[PDB]
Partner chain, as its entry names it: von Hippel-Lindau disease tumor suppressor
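Consider the single chain below, provided in C-alpha cells and representing the form solved without its partner chain.
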C-alpha cells in the first residue's frame, strides 16, 4: 500500500512527463504492475483524448489548492463506484495535472500532486482493489 502505491504513482507521472517532453526532476510495485499501468494509460489517452479539460478546469490547480479540492473533483470519476477502467482514468488525470502545472511554470506542484494521488489511492481505491484481486488482477487484465 502506502510505499507501494507511492512508487506506482511517481513512476507513472515520471513516465508521462518524460514521454511528453518534460522534466521529471521534481521527484505491490512489481515492474509488471508499473509496465501494465504505463500501457493502460497510453491506451486510455489514445481513445478519450479530451484530457479532462473540464475536470482540471473545475480544479484550476494553483500552489494554494488543498487536498480536499483535489478529492472533490476526483470523486467525480467515481460517481458510480470504482472499476479498473476508472482507476486508469485516475492515473491519467493526475498525469494531465502535472503537465498543466509545468506549463504554468509551477513545477513545484508535481511532487504535491503525487502525494495527493497516493493519499487518494490508499484511501478510496485500495479498498476496492484489494477486494477484486489486488494489482495482480490488474496485471492479468492489462497485459
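Numbering follows the first chain given and starts at 1.
Same protein, other form: the form solved in complex with its partner chain, not shown, and the subject of what follows.
Interface membership of residue 51, defined by any non-hydrogen atom within 4.5 Å of its partner chain in the entry with it bound, is confirmed. In the entry with it bound, residue 34 stays away from its partner chain, with no heavy atom inside 4.5 Å. Although its partner chain is not shown here, in the entry with it bound the stretch 62-91 places heavy atoms of 79, 80, 83, 86 within 4.5 Å of it, in sequence order.
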